>>> print(open('protein.csv').read())   # CSV, C-alpha atoms and all ligand atoms
chain,number,residue,atom,x,y,z
A,324,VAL,CA,135.2,53.7,48.7
A,325,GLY,CA,136.8,55.9,45.9
A,326,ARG,CA,138.0,59.5,45.6
A,327,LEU,CA,137.3,62.0,42.9
A,328,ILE,CA,138.9,65.1,41.6
A,329,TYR,CA,136.3,68.0,41.8
A,330,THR,CA,136.8,71.0,39.6
A,331,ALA,CA,134.6,74.0,40.5
A,332,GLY,CA,134.1,77.2,38.5
A,333,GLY,CA,136.7,78.7,36.2
A,334,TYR,CA,136.6,80.9,33.0
A,335,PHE,CA,135.9,80.5,29.4
A,336,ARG,CA,134.6,83.8,27.8
A,337,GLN,CA,133.0,84.4,31.2
A,338,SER,CA,133.0,83.0,34.8
A,339,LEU,CA,131.5,79.6,35.1
A,340,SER,CA,129.2,77.8,37.6
A,341,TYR,CA,130.2,74.2,36.7
A,342,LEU,CA,131.1,71.5,39.3
A,343,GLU,CA,132.5,68.3,37.7
A,344,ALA,CA,134.2,65.3,39.3
A,345,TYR,CA,136.8,63.1,37.6
A,346,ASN,CA,137.4,59.5,38.7
A,347,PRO,CA,141.0,58.4,37.9
A,348,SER,CA,139.9,54.8,38.6
A,349,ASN,CA,137.7,54.7,35.5
A,350,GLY,CA,138.3,57.9,33.4
A,351,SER,CA,134.7,59.2,33.9
A,352,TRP,CA,133.4,62.7,34.4
A,353,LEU,CA,130.2,63.6,36.3
A,354,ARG,CA,128.4,66.9,36.2
A,355,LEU,CA,127.1,67.7,39.6
A,356,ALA,CA,125.2,70.7,41.1
A,357,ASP,CA,126.3,74.1,39.8
A,358,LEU,CA,127.7,76.8,42.1
A,359,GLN,CA,125.0,79.2,43.2
A,360,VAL,CA,127.2,82.1,41.8
A,361,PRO,CA,129.6,81.8,38.8
A,362,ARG,CA,133.2,82.4,39.7
A,363,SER,CA,136.8,82.2,38.4
A,364,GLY,CA,140.0,82.9,40.3
A,365,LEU,CA,138.7,80.8,43.2
A,366,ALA,CA,140.4,78.1,45.2
A,367,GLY,CA,139.0,74.8,46.3
A,368,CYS,CA,139.7,72.7,49.4
A,369,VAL,CA,138.3,69.9,51.5
A,370,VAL,CA,137.6,69.6,55.3
A,371,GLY,CA,135.8,66.6,56.9
A,372,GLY,CA,134.6,65.2,53.5
A,373,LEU,CA,133.1,68.6,52.5
A,374,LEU,CA,134.3,70.6,49.5
A,375,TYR,CA,134.6,74.4,49.9
A,376,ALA,CA,134.9,77.1,47.2
A,377,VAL,CA,136.7,80.3,48.3
A,378,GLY,CA,136.8,83.7,46.7
A,379,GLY,CA,137.1,84.3,43.0
A,380,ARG,CA,135.3,86.9,40.8
A,381,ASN,CA,132.2,86.7,38.8
A,382,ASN,CA,133.2,88.0,35.3
A,383,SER,CA,129.8,88.4,33.5
A,384,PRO,CA,128.0,90.6,30.9
A,385,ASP,CA,125.9,92.0,33.7
A,386,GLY,CA,129.0,93.3,35.6
A,387,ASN,CA,132.2,92.1,37.4
A,388,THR,CA,132.1,91.2,41.1
A,389,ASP,CA,135.0,90.1,43.2
A,390,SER,CA,133.9,87.3,45.6
A,391,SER,CA,134.2,87.1,49.4
A,392,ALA,CA,132.1,84.0,49.4
A,393,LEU,CA,132.7,80.7,51.1
A,394,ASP,CA,130.4,77.9,49.9
A,395,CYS,CA,130.3,74.3,50.9
A,396,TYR,CA,129.5,71.2,48.8
A,397,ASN,CA,128.4,68.0,50.5
A,398,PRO,CA,128.8,64.9,48.2
A,399,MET,CA,126.2,63.0,50.2
A,400,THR,CA,123.4,65.5,49.2
A,401,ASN,CA,124.8,67.1,45.9
A,402,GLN,CA,123.9,70.5,47.4
A,403,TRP,CA,125.8,73.7,47.8
A,404,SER,CA,125.3,75.7,51.1
A,405,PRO,CA,126.5,79.2,51.9
A,406,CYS,CA,129.0,79.7,54.7
A,407,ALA,CA,130.1,82.9,56.4
A,408,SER,CA,131.8,85.3,54.0
A,409,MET,CA,135.4,86.5,54.4
A,410,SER,CA,136.4,90.0,55.7
A,411,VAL,CA,137.1,91.0,52.1
A,412,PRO,CA,136.7,89.9,48.4
A,413,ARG,CA,139.6,87.8,47.2
A,414,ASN,CA,139.9,87.1,43.5
A,415,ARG,CA,142.9,85.0,42.4
A,416,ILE,CA,143.1,83.6,45.9
A,417,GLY,CA,145.2,80.8,47.4
A,418,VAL,CA,144.1,78.6,50.2
A,419,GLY,CA,145.6,76.0,52.6
A,420,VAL,CA,144.0,73.7,55.2
A,421,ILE,CA,145.7,73.2,58.7
A,422,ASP,CA,144.0,71.1,61.5
A,423,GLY,CA,140.5,71.5,60.0
A,424,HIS,CA,140.9,75.2,59.4
A,425,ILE,CA,140.9,77.1,56.1
A,426,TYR,CA,143.4,79.8,55.4
A,427,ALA,CA,142.5,82.4,52.7
A,428,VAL,CA,145.6,84.1,51.4
A,429,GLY,CA,146.0,87.3,49.3
A,430,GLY,CA,144.1,87.9,46.1
A,431,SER,CA,142.6,91.1,44.7
A,432,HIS,CA,139.7,93.4,45.2
A,433,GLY,CA,139.7,95.7,42.2
A,434,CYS,CA,143.1,97.4,42.2
A,435,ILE,CA,143.7,96.3,45.8
A,436,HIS,CA,146.3,93.5,46.1
A,437,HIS,CA,145.9,91.8,49.5
A,438,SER,CA,148.8,90.8,51.8
A,439,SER,CA,146.0,90.0,54.4
A,440,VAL,CA,145.3,86.4,55.4
A,441,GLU,CA,142.2,85.0,57.3
A,442,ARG,CA,141.3,81.7,58.8
A,443,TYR,CA,138.0,79.9,58.8
A,444,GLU,CA,136.7,77.6,61.6
A,445,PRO,CA,133.9,75.2,60.3
A,446,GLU,CA,132.8,74.3,63.9
A,447,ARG,CA,132.0,78.0,64.5
A,448,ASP,CA,131.2,79.2,60.9
A,449,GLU,CA,133.6,82.1,61.5
A,450,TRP,CA,136.4,83.9,59.8
A,451,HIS,CA,139.2,85.7,61.7
A,452,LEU,CA,142.1,87.7,60.3
A,453,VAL,CA,145.6,86.5,61.2
A,454,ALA,CA,149.0,88.1,60.6
A,455,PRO,CA,149.3,89.5,57.0
A,456,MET,CA,152.0,88.2,54.7
A,457,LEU,CA,155.2,90.2,54.2
A,458,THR,CA,154.2,90.7,50.5
A,459,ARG,CA,151.1,91.5,48.6
A,460,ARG,CA,150.3,88.4,46.5
A,461,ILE,CA,147.5,87.7,44.0
A,462,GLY,CA,147.7,84.6,41.8
A,463,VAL,CA,149.4,83.2,44.8
A,464,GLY,CA,150.3,79.5,45.3
A,465,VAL,CA,149.5,78.1,48.7
A,466,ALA,CA,150.4,74.7,50.2
A,467,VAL,CA,150.7,73.1,53.7
A,468,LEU,CA,153.5,70.9,54.8
A,469,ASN,CA,154.1,69.7,58.4
A,470,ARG,CA,151.3,72.0,59.6
A,471,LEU,CA,153.1,75.1,58.2
A,472,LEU,CA,151.4,77.3,55.4
A,473,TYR,CA,153.4,78.5,52.4
A,474,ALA,CA,152.6,81.4,50.1
A,475,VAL,CA,154.4,81.0,46.8
A,476,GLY,CA,154.9,83.5,43.9
A,477,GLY,CA,152.1,85.6,42.6
A,478,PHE,CA,151.7,89.3,41.5
A,479,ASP,CA,152.1,92.2,44.0
A,480,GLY,CA,150.4,94.9,41.8
A,481,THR,CA,153.7,95.8,40.0
A,482,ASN,CA,155.9,92.7,39.6
A,483,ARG,CA,155.2,89.0,39.3
A,484,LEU,CA,157.2,87.2,42.1
A,485,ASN,CA,159.7,84.5,42.5
A,486,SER,CA,159.6,85.0,46.3
A,487,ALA,CA,157.9,82.7,48.8
A,488,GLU,CA,157.2,82.9,52.5
A,489,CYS,CA,156.0,80.6,55.4
A,490,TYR,CA,153.4,81.2,58.1
A,491,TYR,CA,154.2,79.6,61.6
A,492,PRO,CA,150.7,79.4,63.3
A,493,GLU,CA,151.9,79.2,66.9
A,494,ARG,CA,154.0,82.4,66.4
A,495,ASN,CA,151.3,84.0,64.2
A,496,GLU,CA,154.2,85.2,62.0
A,497,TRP,CA,155.4,85.0,58.4
A,498,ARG,CA,159.0,84.6,57.5
A,499,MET,CA,160.5,84.6,53.9
A,500,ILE,CA,161.9,81.3,52.5
A,501,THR,CA,164.3,80.7,49.7
A,502,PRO,CA,162.9,82.3,46.5
A,503,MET,CA,162.1,80.0,43.5
A,504,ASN,CA,164.4,80.0,40.5
A,505,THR,CA,161.4,81.2,38.4
A,506,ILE,CA,159.1,84.2,38.6
A,507,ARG,CA,155.6,82.6,38.6
A,508,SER,CA,152.1,84.1,39.0
A,509,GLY,CA,149.1,81.9,38.8
A,510,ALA,CA,151.2,78.7,39.1
A,511,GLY,CA,149.8,75.4,40.5
A,512,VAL,CA,151.2,74.9,44.0
A,513,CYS,CA,150.8,71.7,46.1
A,514,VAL,CA,152.7,69.4,48.4
A,515,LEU,CA,153.8,65.9,47.7
A,516,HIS,CA,155.9,63.9,50.2
A,517,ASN,CA,158.4,66.4,51.7
A,518,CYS,CA,158.3,68.9,48.9
A,519,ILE,CA,156.4,71.9,47.8
A,520,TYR,CA,155.8,71.9,44.0
A,521,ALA,CA,155.3,75.0,41.8
A,522,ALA,CA,154.1,74.0,38.3
A,523,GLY,CA,153.7,76.5,35.4
A,524,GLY,CA,152.4,80.0,35.8
A,525,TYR,CA,153.0,83.4,34.3
A,526,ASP,CA,155.9,85.8,34.5
A,527,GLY,CA,154.6,88.9,32.7
A,528,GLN,CA,155.7,87.7,29.2
A,529,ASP,CA,155.2,83.9,29.0
A,530,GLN,CA,153.1,81.0,30.3
A,531,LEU,CA,155.5,78.4,31.8
A,532,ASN,CA,155.7,74.6,31.4
A,533,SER,CA,158.6,74.4,34.0
A,534,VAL,CA,158.1,72.8,37.4
A,535,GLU,CA,160.3,73.1,40.5
A,536,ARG,CA,160.0,71.9,44.0
A,537,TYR,CA,161.1,73.1,47.4
A,538,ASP,CA,162.6,70.6,49.9
A,539,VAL,CA,161.9,72.0,53.5
A,540,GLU,CA,164.9,70.0,54.9
A,541,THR,CA,167.4,71.5,52.4
A,542,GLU,CA,165.7,74.9,51.8
A,543,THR,CA,166.5,74.7,48.1
A,544,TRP,CA,164.4,74.6,44.9
A,545,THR,CA,165.1,72.0,42.2
A,546,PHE,CA,163.6,71.7,38.7
A,547,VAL,CA,161.8,68.4,37.8
A,548,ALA,CA,160.5,67.5,34.4
A,549,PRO,CA,158.4,70.2,32.7
A,550,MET,CA,154.7,69.7,31.9
A,551,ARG,CA,153.6,68.8,28.3
A,552,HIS,CA,151.6,72.1,28.2
A,553,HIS,CA,152.7,75.6,29.1
A,554,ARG,CA,149.9,76.9,31.4
A,555,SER,CA,148.9,79.7,33.7
A,556,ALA,CA,145.8,79.9,36.0
A,557,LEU,CA,145.8,76.1,36.2
A,558,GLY,CA,144.2,74.0,39.0
A,559,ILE,CA,146.4,71.5,40.9
A,560,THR,CA,145.6,68.7,43.3
A,561,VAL,CA,147.1,65.4,44.6
A,562,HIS,CA,145.4,62.1,44.3
A,563,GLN,CA,146.9,58.8,45.3
A,564,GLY,CA,150.4,60.4,45.6
A,565,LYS,CA,150.4,61.8,42.1
A,566,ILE,CA,150.0,65.5,41.0
A,567,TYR,CA,147.2,66.5,38.6
A,568,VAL,CA,147.1,69.8,36.7
A,569,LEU,CA,143.8,70.9,35.2
A,570,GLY,CA,143.3,73.5,32.5
A,571,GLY,CA,144.7,76.9,32.4
A,572,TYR,CA,145.9,79.2,29.6
A,573,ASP,CA,148.9,78.8,27.2
A,574,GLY,CA,148.9,82.1,25.5
A,575,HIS,CA,146.4,80.8,22.9
A,576,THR,CA,143.8,78.4,24.2
A,577,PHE,CA,141.8,77.9,27.4
A,578,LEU,CA,143.1,74.3,28.0
A,579,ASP,CA,141.0,71.3,28.5
A,580,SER,CA,144.3,69.3,29.1
A,581,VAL,CA,144.7,67.4,32.3
A,582,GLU,CA,148.2,66.1,33.0
A,583,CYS,CA,149.6,64.0,35.9
A,584,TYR,CA,153.1,63.8,37.4
A,585,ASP,CA,154.7,60.5,38.5
A,586,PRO,CA,157.5,61.5,41.0
A,587,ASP,CA,159.2,58.0,40.8
A,588,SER,CA,159.7,58.2,36.9
A,589,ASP,CA,159.8,62.0,36.9
A,590,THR,CA,157.4,62.0,33.9
A,591,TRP,CA,154.2,63.9,32.9
A,592,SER,CA,151.5,62.3,30.9
A,593,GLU,CA,148.0,63.3,29.6
A,594,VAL,CA,145.4,61.6,31.7
A,595,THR,CA,142.2,63.1,30.3
A,596,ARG,CA,140.6,66.2,29.0
A,597,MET,CA,138.0,68.3,30.9
A,598,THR,CA,134.6,68.4,29.2
A,599,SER,CA,135.6,71.9,28.0
A,600,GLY,CA,138.6,74.3,28.2
A,601,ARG,CA,138.8,76.7,31.1
A,602,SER,CA,141.2,78.7,33.3
A,603,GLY,CA,141.0,79.7,37.1
A,604,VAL,CA,139.2,76.6,38.4
A,605,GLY,CA,139.1,75.4,42.1
A,606,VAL,CA,140.2,71.8,42.5
A,607,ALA,CA,140.2,69.5,45.5
A,608,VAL,CA,139.7,65.7,46.1
A,609,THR,CA,137.0,64.0,48.2
A,610,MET,CA,134.6,61.0,48.3
A,611,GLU,CA,132.4,60.0,45.4
A,612,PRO,CA,128.9,61.5,45.7
A,613,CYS,CA,125.6,59.8,46.6
B,701,LIG,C1,142.9,84.5,36.3
B,701,LIG,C2,144.3,84.4,36.9
B,701,LIG,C3,145.3,85.3,36.5
B,701,LIG,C4,146.6,85.3,37.1
B,701,LIG,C5,147.7,86.2,36.6
B,701,LIG,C6,147.6,87.6,37.3
B,701,LIG,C7,148.9,88.4,37.0
B,701,LIG,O1,150.0,87.8,37.3
B,701,LIG,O2,148.8,89.5,36.5
B,701,LIG,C8,147.8,86.3,35.1
B,701,LIG,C9,147.5,87.5,34.4
B,701,LIG,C10,147.6,87.5,33.0
B,701,LIG,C11,148.0,86.4,32.3
B,701,LIG,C12,148.3,85.2,33.0
B,701,LIG,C13,148.2,85.2,34.4
B,701,LIG,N1,148.6,84.3,32.0
B,701,LIG,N2,148.5,84.9,30.9
B,701,LIG,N3,148.1,86.2,31.0
B,701,LIG,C14,148.0,87.0,29.9
B,701,LIG,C15,146.8,84.3,38.0
B,701,LIG,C16,145.9,83.4,38.5
B,701,LIG,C17,144.6,83.5,37.9
B,701,LIG,CL1,143.4,82.4,38.5
>>> encode(input="protein.csv", output="structure tokens", more="lines below")
Ligand SMILES: Cc1cc([C@H](CC(=O)O)c2ccc3c(c2)nnn3C)ccc1Cl
Amino acid sequence: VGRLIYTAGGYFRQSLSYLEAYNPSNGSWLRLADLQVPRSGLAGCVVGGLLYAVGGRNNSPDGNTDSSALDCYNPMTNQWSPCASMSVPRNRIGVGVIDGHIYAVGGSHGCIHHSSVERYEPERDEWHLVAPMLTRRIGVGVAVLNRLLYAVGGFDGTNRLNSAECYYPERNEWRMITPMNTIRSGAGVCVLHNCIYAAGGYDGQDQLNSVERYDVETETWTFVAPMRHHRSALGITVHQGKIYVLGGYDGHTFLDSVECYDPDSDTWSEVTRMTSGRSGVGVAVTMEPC
């Protein structure tokens, strides 16, 4: 039928309500129904053809509000619907999906940096807390491989982190994994084939263009080719077995650049520009809308 890359929210001068879909098959962008509430620092994901937007923060002239919200976008209707809210607001959140369930990981609520993690069940419209991570992480990368959830990098309130850890659902327990070779907060983190990728991010001084990947069989991290643009607070998704990175911040500009990674050639190329530069978007892939 055809799959699109949906980018929801983000930040340019203030938090944004935009939802836009990119079609790699033809290069087009579609503006769709705005989020009910502007938000940056959110995550996107998909379950059962439905797009969800999780956490973030509304940075606005009228005040600044960390989000506990879960909202659901149905491509068939072009309408956003509220779901049950999380236990707590989570700006600069990471999310992963296991077996139709959404895990919300870390993020901030004011000066609070969460190590807490909670899981959403669409069939019940219900969040429940699970075991907290071993580390407080905001700007955290989250991915799922072989039905295990990984929390990668971030900021713990004092240091940006090269550490990463793994949640084993049937044990309801987090264990540390090999740290990355690079301190990265607000990196893009995703899975492709057997590896967990961490692209770009922030280390307290610089925005990064480097990219490394974790092979679960070998438990080691290896650098691949770097992105064309240094970027923090980027969005990342996979589409037809290629990585796409969307927007972010390079120390200078809120990027409109979109790049994709070809694992076979180990090369990055510009694939498009977003309609406008922005950081802290939520990205996920699903069906084209009615
Ligand atoms: C908005 C955002 C910020 C972050 C992190 C937080 C931190 O690690 O403190 C950050 C902060 C400040 C940054 C930066 C990145 N990149 N450049 N600058 C100045 C990570 C993810 C997201 Cl969605």
>>> closest_residue(input="protein.csv", among="A:595, A:382, A:469, A:560", to="ligand LIG 701 (chain B)", atoms="all atoms listed in the file")
A:382
>>> residues_near_ligand(input="protein.csv", ligand="ligand LIG 701 (chain B)", cutoff="6 Å", atoms="all atoms listed in the file", output="NGL selection string")
:A and (364 or 415 or 462 or 478 or 483 or 508-509 or 525 or 530 or 555-556 or 603)
>>> residues_around(input="protein.csv", residues="residue A:423", least_positions_apart="3", cutoff="8 Å", atoms="only C-alpha atoms", output="number ranges by chain")
A: 370-371, 420, 444-445
>>> residues_around(input="protein.csv", residues="residue A:477", least_positions_apart="4", cutoff="12 Å", atoms="all atoms listed in the file", output="MDAnalysis selection string")
chainID A and resid 415:417 428:431 436:438 458:465 481:488 502:503 505:512 521 523:527 555:556
>>> residues_around(input="protein.csv", residues="residue A:490", least_positions_apart="2", cutoff="8 Å", atoms="only C-alpha atoms", output="list in words")
residues 456, 471, 472, 473, 488, 492, 495, 496, 497 and 498 of chain A
>>> closest_residue(input="protein.csv", among="A:594, A:452, A:324, A:374", to="residue A:582", atoms="all atoms listed in the file")
A:594
>>> residues_around(input="protein.csv", residues="stretch 441-443 of chain A", least_positions_apart="4", cutoff="6 Å", atoms="all atoms listed in the file", output="JSON, numbers by chain")
{"A": [424, 425, 426, 427, 449, 450, 451, 452, 453]}
>>> write_last_selection(input="protein.csv", atoms="C-alpha atoms", output="PDB file, in the frame of the given file")
ATOM      1  CA  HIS A 424     140.900  75.200  59.400  1.00  0.00           C
ATOM      2  CA  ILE A 425     140.900  77.100  56.100  1.00  0.00           C
ATOM      3  CA  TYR A 426     143.400  79.800  55.400  1.00  0.00           C
ATOM      4  CA  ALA A 427     142.500  82.400  52.700  1.00  0.00           C
ATOM      5  CA  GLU A 449     133.600  82.100  61.500  1.00  0.00           C
ATOM      6  CA  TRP A 450     136.400  83.900  59.800  1.00  0.00           C
ATOM      7  CA  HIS A 451     139.200  85.700  61.700  1.00  0.00           C
ATOM      8  CA  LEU A 452     142.100  87.700  60.300  1.00  0.00           C
ATOM      9  CA  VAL A 453     145.600  86.500  61.200  1.00  0.00           C
TER      10      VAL A 453
END
>>> closest_residue(input="protein.csv", among="A:394, A:328, A:493, A:587", to="residue A:351", atoms="all atoms listed in the file")
A:328
>>> atom_distance(input="protein.csv", atom1="atom CA of residue A:543", atom2="atom CA of residue A:559")
21.6 Å
>>> residues_near_point(input="protein.csv", point="(154.7, 69.0, 30.4)", cutoff="10 Å", atoms="all atoms listed in the file", output="PyMOL selection string")
chain A and resi 522-523+531-534+548-554+568+582-584+590-593
>>> write_last_selection(input="protein.csv", atoms="C-alpha atoms", output="tab-separated table (two decimals), in the frame of the given file")
chain	number	residue	atom	x	y	z
A	522	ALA	CA	154.10	74.00	38.30
A	523	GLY	CA	153.70	76.50	35.40
A	531	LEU	CA	155.50	78.40	31.80
A	532	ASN	CA	155.70	74.60	31.40
A	533	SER	CA	158.60	74.40	34.00
A	534	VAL	CA	158.10	72.80	37.40
A	548	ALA	CA	160.50	67.50	34.40
A	549	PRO	CA	158.40	70.20	32.70
A	550	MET	CA	154.70	69.70	31.90
A	551	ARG	CA	153.60	68.80	28.30
A	552	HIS	CA	151.60	72.10	28.20
A	553	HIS	CA	152.70	75.60	29.10
A	554	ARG	CA	149.90	76.90	31.40
A	568	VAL	CA	147.10	69.80	36.70
A	582	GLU	CA	148.20	66.10	33.00
A	583	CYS	CA	149.60	64.00	35.90
A	584	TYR	CA	153.10	63.80	37.40
A	590	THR	CA	157.40	62.00	33.90
A	591	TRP	CA	154.20	63.90	32.90
A	592	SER	CA	151.50	62.30	30.90
A	593	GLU	CA	148.00	63.30	29.60
>>> axis_aligned_box(input="protein.csv", around="stretch 439-458 of chain A", padding_each_side="6 Å", output="lines of an AutoDock Vina configuration file")
center_x = 143.2
center_y = 82.5
center_z = 57.5
size_x = 36.0
size_y = 28.4
size_z = 26.0
>>> residues_around(input="protein.csv", residues="residue A:606", least_positions_apart="3", cutoff="9 Å", atoms="only C-alpha atoms", output="list in words")
residues 328, 329, 330, 331, 366, 367, 368, 376, 558, 559, 560 and 569 of chain A
>>> closest_residue(input="protein.csv", among="A:598, A:563, A:359, A:340", to="residue A:395", atoms="only C-alpha atoms")
A:359
>>> atom_distance(input="protein.csv", atom1="atom CA of residue A:547", atom2="atom CA of residue A:588")
10.5 Å
>>> closest_residue(input="protein.csv", among="A:412, A:564, A:476, A:361", to="residue A:434", atoms="all atoms listed in the file")
A:412
>>> closest_residue(input="protein.csv", among="A:399, A:369, A:578, A:597", to="residue A:356", atoms="only C-alpha atoms")
A:399
>>> atom_distance(input="protein.csv", atom1="atom CA of residue A:393", atom2="atom CA of residue A:611")
21.5 Å
>>> build_atoms(input="protein.csv", residues="stretch 452-465 of chain A", atoms="N, CA, C and O atoms", output="CSV table (one decimal), in the coordinates of the input")
chain,number,residue,atom,x,y,z
A,452,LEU,N,140.9,87.3,61.0
A,452,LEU,CA,142.1,87.7,60.3
A,452,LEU,C,143.3,87.2,61.2
A,452,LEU,O,143.2,87.1,62.4
A,453,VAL,N,144.4,86.8,60.5
A,453,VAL,CA,145.6,86.5,61.2
A,453,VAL,C,146.7,87.5,60.7
A,453,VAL,O,146.3,88.4,60.0
A,454,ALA,N,148.0,87.2,61.0
A,454,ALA,CA,149.0,88.1,60.6
A,454,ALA,C,149.0,88.2,59.0
A,454,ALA,O,148.9,87.1,58.3
A,455,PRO,N,149.2,89.4,58.5
A,455,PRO,CA,149.3,89.5,57.0
A,455,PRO,C,150.7,89.0,56.6
A,455,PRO,O,151.7,89.0,57.3
A,456,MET,N,150.8,88.5,55.3
A,456,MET,CA,152.0,88.2,54.7
A,456,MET,C,152.9,89.4,54.6
A,456,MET,O,152.5,90.5,54.8
A,457,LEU,N,154.2,89.1,54.3
A,457,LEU,CA,155.2,90.2,54.2
A,457,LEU,C,155.0,90.9,52.8
A,457,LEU,O,155.5,92.0,52.6
A,458,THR,N,154.3,90.2,51.9
A,458,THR,CA,154.2,90.7,50.5
A,458,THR,C,152.8,90.6,50.0
A,458,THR,O,152.0,89.7,50.4
A,459,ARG,N,152.4,91.6,49.2
A,459,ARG,CA,151.1,91.5,48.6
A,459,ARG,C,151.2,90.4,47.5
A,459,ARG,O,152.1,90.5,46.7
A,460,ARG,N,150.3,89.5,47.5
A,460,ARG,CA,150.3,88.4,46.5
A,460,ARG,C,148.9,88.1,46.0
A,460,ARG,O,148.0,87.8,46.8
A,461,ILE,N,148.7,88.2,44.7
A,461,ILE,CA,147.5,87.7,44.0
A,461,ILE,C,148.1,86.7,43.0
A,461,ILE,O,149.2,86.7,42.6
A,462,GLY,N,147.2,85.8,42.5
A,462,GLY,CA,147.7,84.6,41.8
A,462,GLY,C,148.6,83.8,42.6
A,462,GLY,O,149.6,83.2,42.0
A,463,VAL,N,148.4,83.7,43.9
A,463,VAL,CA,149.4,83.2,44.8
A,463,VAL,C,149.2,81.6,44.9
A,463,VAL,O,148.0,81.2,45.0
A,464,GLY,N,150.3,80.9,44.9
A,464,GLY,CA,150.3,79.5,45.3
A,464,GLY,C,150.3,79.2,46.8
A,464,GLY,O,151.1,79.9,47.4
A,465,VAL,N,149.5,78.3,47.3
A,465,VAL,CA,149.5,78.1,48.7
A,465,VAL,C,149.6,76.5,48.9
A,465,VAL,O,148.9,75.8,48.3
